[PDB]
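In what follows, every heavy atom counts, from backbone to side chain, and hydrogens, waters and symmetry copies are set aside. We name chains A, B, ... by the order of the sequence lines, and we start the count at 1 in each one.
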Amino acid sequence: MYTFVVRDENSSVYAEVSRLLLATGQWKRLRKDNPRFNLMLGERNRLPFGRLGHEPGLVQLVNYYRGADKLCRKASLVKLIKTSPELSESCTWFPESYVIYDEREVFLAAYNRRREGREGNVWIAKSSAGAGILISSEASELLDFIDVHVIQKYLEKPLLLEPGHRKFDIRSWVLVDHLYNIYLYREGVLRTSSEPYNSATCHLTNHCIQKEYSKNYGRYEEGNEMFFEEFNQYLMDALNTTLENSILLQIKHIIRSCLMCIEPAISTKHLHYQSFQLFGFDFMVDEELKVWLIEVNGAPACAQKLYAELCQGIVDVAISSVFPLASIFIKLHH
Amino acid sequence: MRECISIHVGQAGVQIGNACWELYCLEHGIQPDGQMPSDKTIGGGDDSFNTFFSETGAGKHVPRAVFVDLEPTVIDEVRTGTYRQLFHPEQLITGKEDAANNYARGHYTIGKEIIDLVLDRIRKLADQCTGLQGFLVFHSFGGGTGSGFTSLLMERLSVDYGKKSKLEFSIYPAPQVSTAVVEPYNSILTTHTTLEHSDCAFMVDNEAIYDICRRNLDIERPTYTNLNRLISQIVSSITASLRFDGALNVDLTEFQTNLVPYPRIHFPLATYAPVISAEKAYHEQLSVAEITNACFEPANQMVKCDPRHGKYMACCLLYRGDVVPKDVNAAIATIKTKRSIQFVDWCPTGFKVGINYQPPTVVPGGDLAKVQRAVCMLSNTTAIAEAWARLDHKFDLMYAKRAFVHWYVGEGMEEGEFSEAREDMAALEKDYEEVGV
Amino acid sequence: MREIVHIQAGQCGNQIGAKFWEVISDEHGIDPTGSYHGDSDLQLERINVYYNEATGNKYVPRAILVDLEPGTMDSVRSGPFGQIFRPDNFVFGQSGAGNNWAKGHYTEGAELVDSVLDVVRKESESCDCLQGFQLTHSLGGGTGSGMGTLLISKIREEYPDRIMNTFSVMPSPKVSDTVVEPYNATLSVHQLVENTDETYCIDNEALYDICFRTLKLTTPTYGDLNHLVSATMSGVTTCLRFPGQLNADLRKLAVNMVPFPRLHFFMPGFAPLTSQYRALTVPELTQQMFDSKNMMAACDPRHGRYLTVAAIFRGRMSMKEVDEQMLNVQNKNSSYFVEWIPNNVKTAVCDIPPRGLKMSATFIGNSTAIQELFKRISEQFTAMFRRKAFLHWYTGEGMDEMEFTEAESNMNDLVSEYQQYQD
Amino acid sequence: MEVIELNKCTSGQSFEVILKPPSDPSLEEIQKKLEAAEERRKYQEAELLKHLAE
Ligand SMILES: Nc1nc2c(ncn2[C@@H]2O[C@H](COP(=O)(O)OP(=O)(O)OP(=O)(O)O)[C@@H](O)[C@H]2O)c(=O)[nH]1
Ligand SMILES: Nc1ncnc2c1ncn2[C@@H]1O[C@H](COP(=O)(O)OP(=O)(O)CP(=O)(O)O)[C@@H](O)[C@H]1O
Ligand SMILES: Nc1nc2c(ncn2[C@@H]2O[C@H](COP(=O)(O)OP(=O)(O)O)[C@@H](O)[C@H]2O)c(=O)[nH]1
Ligand SMILES: [Ca+2]
Ligand SMILES: [Ca+2]
Ligand SMILES: [Ca+2]
Ligand SMILES: [Mg+2]
Ligand SMILES: [Mg+2]
Ligand SMILES: [Mg+2]
C-alpha cells in the first residue's frame with residue numbers, strides 16, 4: 001500500500017496517472033502537505049527537492065528532475081548547446097540561435113554575412129514568457145520588439161505536406177526513469193498548420209493558434225493532429241521513404257544527445273531520492289528531410305487519443321518499477 | 001605554538017568529545033594514564049600536540065578541554081572511563097537537573113545559574129596558555145543544554161575572549177535517533193543567537209552518520225558509540241592540522257580565511273572517505289583518485305544535500321595516509337571533467353590541499369577498518385542551505401499552531417524571540433540563494 | 001538520582017497503587033521485606049527513582065498511602081507487599097468521604113491534608129533531586145477524587161516547579177458504585193486541567209470491555225480490572241525505572257507529549273492481552289498496541305487525531321524490526337497523525353520484559369479523541385444537573401450550585417479545545 | 001591547472017591547485033536579557049501563588 005501526493009492540479013498527464021494509481025487498489029493518496037509519501041506528483045515551480053529523501057523508511061520518488069530546466073528553457077537551451085563540448089557550437093541539428101537581453105553584437109555579426117551573401121536572412125524572436133513572437137527579415141525590428149529573448153534562424157525551407165502546402169511540427173514524448181533509461185514513446189503527433197505556407201498563423205503550428213486564428217482548423221486531419229500511421233504512409237506514397245529512416249533516426253539521436261549531456265548534472269543515481277520526468281520534444285523537418293530541434297518541454301500535455309496509453313506507461317516503467325504492484329516505448333540505449 | 005581549548009556541552013558534546021580525545025591519544029601515542037613515551041621534553045614544550053595537551057611536571061599530558069553538562073550521568077562516564085586519568089576534576093562540570101530538551105530552560109533558567117562557574121573553569125585553562133588561539137565548541141542542536149547553554153556560553157566567550165576565534169562542531173537533529181519533538185525549535189533558537197559569535201561551524205547531520213554506518217559498516221541499528229567513532233574521525237581530520245606539523249589550516253584563523261569569505265555563510269560541508277567495515281577481512285584499498293571522487297558523492301557527506309545545485313565558495317582537501325601531490329592533481333583533473341563543480345564568480349575555482357603522511361587511526365576493536373589513505377573534504381557549498389530549509393519548515397509547521405511554545409515562555413523567554421530567530425533564518429536562507437544562483 | 005514521590009489516595013487509588021508496587025517490586029527484584037534478590041544490575045540502576053535505601057541494603061518505596069477510612073489501607077498493610085511500605089507513610093482518617101467530592105475536598109479532607117503534606121515534605125527533603133510527584137486515584141469517589149485534587153493543589157503551591165503526574169480512573173455506569181460519580185468526576189477534571197502536567201486516563205468502561213470482550217471474563221471483578229491497570233502502570237513507567245534515553249524523566253515526557261498546557265490527558269494502551277504461551281511477533285505487538293481494543297480510555301482513535309505518541313517495547317527483539325513496524329503504522333495511517341507536529345511518534349526499547357511475558361508493548365497517546373471520554377462524563381453530569389438531582393449531598397457540605405455550573409462550563413471548554421485541534 | 005605554495009615537511013605537505021581565475025552585545029546587555037527572563041518567571045510564579053491563594 002504505497003502513498004502518493006498530488007501537488008499539480010492542472011497536470012492533465014498526472015491527473016490520469018493519479019487516477020490509474022487509485023484504480024489499482026494498492027496506492028493511497030494523501031494530503032498535498034503530508035510528508036509521509038512514496039511518490040510526489042510535484043508542482044512545476046519551486047518544487048522543494050531539498051526536503052525529499054529525508055523520511056526514514058520511505059523510498060521517495062518525484063516526477064521531475066531537479067536541474068532539467070537547463071534543457072526546458074529557451075535561453076538555457078541555447079547556452080547549454082553553445083557551451084557544452086558534448087554538443088558544441090558546431091551542432092548540426094539545432095538552428096543558429098542567440099540570446100538577447102548577451103549576444104547582440106554576435107547576432108548582428110552573422111546577420112550581416114547573410115544580408116551581404118544574398119542568402120536567406122529571416123530570423124525569429126521568442127521567449128519563455130509567451131502564450132508573443134516576431135518573425136522578420138530586418139534585425140532592427142527583432143531587437144526593438146524585445147525592448148530575456150532568444151533569436152534563432154527561421155527555417156525558411158520547411159517540409160510541406162500535400163495536399164495543402166502546409167507547415168507542421170513533430171512532438172515526441174520521452175520518459176526518463178530513475179535509472180536514467182531513455183524511453184521514447186512510440187506514438188508521436190504532427191501538429192499541422194491548416195493554412196498554406198506563404199513565404200511572403202500559417203507559420204506558427206501551435207494547437208491553440210490553429211484553433212483560434214486559423215479558418216481551416218480540422219479540415220485535413222482531426223484537430224490539426226496527424227499521427228504517425230498517416231504520416232508514415234504519406235512519406236511512402238509521396239517521398240518513397242519511411243518515417244523511421246527519414247526522420248525518426250535523427251529524432252532518437254537528438255533525444256539521446258540532449259539527455260546524455262545533462263546526465264551528470266541531474267542524475268539521481270546515488271541520491272537520497274529518485275526522479276523521473278516526462279519530456280516533450282518539438283522537432284522541425286525541412287524539405288531535405290533533415291530534423292531540427294526547436295525546444296524541449298518539461299511539463300508537456302498529450303494527445304487525447306494517447307493519454308490512455310502513455311499515462312499507463314508512465315505507471316509501468318517509472319512508478320511500478322520502484323514500487324511494484326501485485327512495450328509502448330523505444331529504449332534509447334546508451 | 002598557540003593553544004586551543006575544547007568545550008563539550010550537553011550529552012552529544014561530551015560523548016563526542018570523549019570519543020575524540022580517545023582518538024587523539026591513540027594518534028599521539030598517549031596512554032590512558034596520561035604518559036607519552038615519545039615526548040622527550042618532560043613537563044613542557046611547544047610542540048604541535050601541545051596545542052591540545054598541557055604537560056605536568058610528572059609527565060602527564062592533560063587535554064585542554066572542559067566538559068559541561070546540566071546532568072551528571074554523562075560526565076560521570078568520563079570520571080570513571082578508560083581515560084579517566086587524563087582529566088582533573090576541575091575540567092568536569094555537572095548540574096542536578098538538565099534542560100529537558102528546552103532551549104529556554106538551558107539558556108535562561110538553568111544557564112544563568114552556572115554560566116559563571118563554567119567561565120571560571122575555562123579561565124583556568126586560559127591562564128595556562130601563552131598564546132590562546134580560541135575555542136572548539138561541541139554540542140547538539142536539539143538538546144536543551146546543547147542548544148540553550150551553548151548559545152549563552154558563545155555570547156559570553158565573545159565578551160571575555162573577543163580577539164579569539166570560535167569554531168563549532170554541531171549535531172544536526174535527525175528523527176531516526178532524536179529524543180525530542182521540539183528539536184527544530186532548539187536548533188533555530190540556538191543558530192540565531194550563536195550566529196554572530198561563531199567564525200566557522202561544522203554541522204553533522206545524524207541522518208548522514210546513521211546511513212553511512214548502516215550502508216558502509218553494515219550496522220543494522222547504529223548506536224551513539226557507532227556514530228561518535230565515525231564523527232571523531234571527521235573531527236580528527238579537521239583538527240589534525242592544529243595537532244601536527246603542517247602548513248594548511250595551521251591555526252583557527254586559517255579556517256575562516258580558507259573556508260568562510262562571507263561571515264554569516266560559515267557552515268562548510270564535510271565529506272569523508274573511505275568508510276570500510278572492519279568485519280571485511282580483506283578489502284581492496286581505494287586509490288587517491290577513488291577516494292577523491294568519493295568526496296563528491298552525496299552518500300559520503302556529513303549533511304545530505306546536492307552540491308550540484310549550488311555554488312562553491314571554497315574547498316579544502318585533507319588527506320591522511322599514502323598520498324603524494326602528483327596523484328591528487330591527477331584525480332582533480334579527472335573530476336573536473338566529470339562532476340558539476342561550479343564556483344561563484346568572485347572566487348577562484350581551485351582546491352587547497354593538505355597531506356599528512358600518518359594514515360588514519362582507528363580505535364582497536366571498533367567498526368572502522370584501518371585504511372592506507374583517506375580524505376576529508378571541507379567545501380563551502382550553498383547546497384548546505386537545504387538543511388536550513390528542512391529545519392525552518394518543521395519550525396513553521398509547529399509554530400503556526402504555537403505548539404509547545406508554552407514550555408519556553410514558562411522559562412521566562414518571550415514569544416517574540418521565536419519569530420525573531422525565524423526571521424534571522426529566513427535572512428540566512430536568502431543569503432544562500434543569492435550566492436548560489 | 002531524580003526521585004519520584006508516589007501518592008495513592010482513596011479506595012481505588014490505594015488498591016491500584018498497591019498492585020503497582022507489587023508489580024514493579026517484582027521487576028526490580030525486591031522481595032516483600034524490602035531485600036533485593038535480583039540477578040541483573042539493570043534492576044538497580046534506576047532503583048532510586050521509586051525506592052529509598054535503608055539500613056541493611058533495604059529498599060523502601062517512596063510511597064505515601066492516604067485515605068479517610070482505615071479499611072482499604074488495613075488491607076494494604078495485610079496484603080502481599082504490606083510490610084514493604086514505610087509505616088509512618090500511612091496517613092488515614094476515620095470518617096470517610098461517602099463518595100462525596102465536597103467531603104474530600106472541602107470538609108473531611110481538609111482536616112487531614114496537612115498531615116499528608118508533612119509526610120510529603122519529609123520524603124522530599126531526603127531527595128537528591130526530586131523531579132515530581134505521581135498520584136493514583138479515582139475520580140468517581142470522594143477521597144481519591146475530592147481530597148486527591150485538594151492534595152494536588154497544595155502540593156503545587158509548595159512545589160510549583162515540580163512535575164505533577166496522575167493515574168486517574170474515570171467512572172463508568174458499567175462499573176459504578178453510586179450515581180453521583182459524574183458529579184465527582186466533572187469537579188475533579190477541572191482540577192486536573194489546571195494542576196497536573198500528565199494524566200493517564202484509565203477508563204473503567206474500557207477495562208470492563210477488555211475483560212468482557214477480549215479476555216472473555218463474563219463477570220469481571222475490580223481485581224480483574226486492576227490487573228490491566230498494573231500492566232499499564234508498569235509499562236508507562238518503564239522509561240523512568242530502567243536505563244534509556246527517550247522520556248527518561250517526567251519533565252522530558254511532558255515536553256514531548258504536551259503541546260498545549262491543558263491538553264495533557266493521555267490514552268494508555270497495552271499489548272498483549274491474552275485470555276498464552278504463544279510467542280508474540282513484533283508486527284503483532286505493533287498492530288495490537290495501536291488498536292482501539294487495547295486502549296484503556298474507551299475512545300476510538302479513528303474518531304480523532306494523534307497530537308503525540310509514545311511507544312515503549314519491552315523484551316529482547318529486533319530493534320530494526322521495531323523501527324520498520326512503527327514506521328509502517330504511521331506511513332499507513334498518517335491521516336490520524338497531525339501534520340503540524342513533525343515526527344510526533346517516539347519509540348523506546350527496554351530489554352527487561354514484564355513478569356510472565358517474552359515481550360510486550362505499552363502505548364501512551366495524546367489523541368484528540370479523548371474528548372469522547374469528557375463528552376461522555378459531561379452528558380451524564382448534565383442529565384442529573386438540569387434537574388438538580390442528588391445535589392443536596394453537596395450543598396449540605398457548603399457547596400453552591402454556581403460551582404457546578406462552572407465545572408460544567410470548564411469541561412465543555414476542554415472538549416471545545418480538543419475539537420479545534422482535531423480540524 | 002597551476003600548483004602553487006608547495007610547503008613540505010617530514011609529516012606531510014600542502015599546496016594549492018588553481019583551475020581557473022575568478023571573474024557583539026556587552027556583558028551588561030546580556031545580564032539585562034538574562035534578568036528580564038528571570039523577572040518574567042518570577043511574575044508568572046507570583047500570579048500562580050496569587051491564584052492558589054484565592
Ligand atoms: N551523534 C550523536 N548525537 C547525539 C548524541 N547524544 C545525543 N545526540 C543527539 O542530540 C540531540 C539531543 O541533545 P542532547 O545532547 O542529548 O541534550 P543535552 O545537550 O544533554 O541537553 P538536555 O536537554 O538538558 O539533556 C538528539 O538529536 C540526539 O540524537 C551522541 O552521543 N552522538
Ligand atoms: N527556427 C524556427 N523556424 C521555423 N519555425 C519555427 C522556429 N522556431 C519556432 N517555430 C515555429 O513556432 C512555433 C512555436 O514555437 P515554440 O515551441 O517556441 O512555441 P511554444 O513553446 O509556446 C509551444 P509548446 O512549448 O507548448 O510546444 C512552432 O510550432 C514552430 O513551428
Ligand atoms: N479500576 C478500579 N476502579 C475502582 C476500584 N475501586 C473503586 N473504583 C472506582 O472508583 C470509583 C469509586 O471511588 P473510590 O476509590 O471507591 O472512592 P474513594 O475511596 O472515596 O476515593 C468508582 O467509579 C469505581 O468504579 C478498583 O479497585 N479498581
Ligand atoms: Ca613536551
Ligand atoms: Ca566575534
Ligand atoms: Ca471533624
Ligand atoms: Mg514551451
Ligand atoms: Mg542531557
Ligand atoms: Mg469505594
May I ask you to list the residues in residues 73-81 of chain A that approach chain B closer than 4.5 angstrom, counting heavy atoms only, ordered by number?
-> none
Do any of residues 41-57 of chain A come closer than 4.5 Å to chain B, heavy atom to heavy atom, and if so which ones, in number order?
-> A:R46, A:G50, A:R51, A:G53, A:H54, A:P56
Take atom [atom1] of [X] as the centre, draw a 6.0 Å sphere, and report whether it contains more than 12 heavy atoms from other residues, nucleotides or ligands.
{"X": "B:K336", "atom1": "NZ", "answer": "yes"}
{"X": "B:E434", "atom1": "CD", "answer": "yes"}
{"X": "A:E263", "atom1": "CD", "answer": "yes"}
{"X": "A:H334", "atom1": "NE2", "answer": "yes"}
{"X": "B:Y262", "atom1": "OH", "answer": "no"}
{"X": "A:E86", "atom1": "CD", "answer": "yes"}
{"X": "A:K70", "atom1": "NZ", "answer": "no"}

Extract all donor-acceptor atom pairs below 3.5 Å that involve side chains of residues 213-220 of chain B and protein atoms in other chains or at least two apart in sequence.
unit_1, atom_1, unit_2, atom_2, d
B:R214, NH2, B:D211, OD1, 3.2
B:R215, NH1, B:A299, O, 3.0
B:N216, ND2, B:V275, O, 3.4

What closest approach, in Å, do B:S340 and A:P264 show between heavy atoms, and which atom pair accounts for it?
-> OG-O, 4.1 Å
Quick one: closest heavy-atom pair of B:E386 and A:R66, and the distance?
-> OE2-NH1, 2.8 Å
Does A:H270 reach the main-chain N or O of B:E297 with its side chain, forming a donor-acceptor pair under 3.5 Å?
-> no
From B:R308 CZ over to A:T268 OG1, what is the distance, rounded to the nearest 0.5 angstrom?
-> 8.0 Å
Tell me, please, which residues at least two apart from B:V435 pass side chain to side chain contact (heavy atoms under 4.5 Å, CB included).
-> B:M313, B:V344, B:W346, B:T382
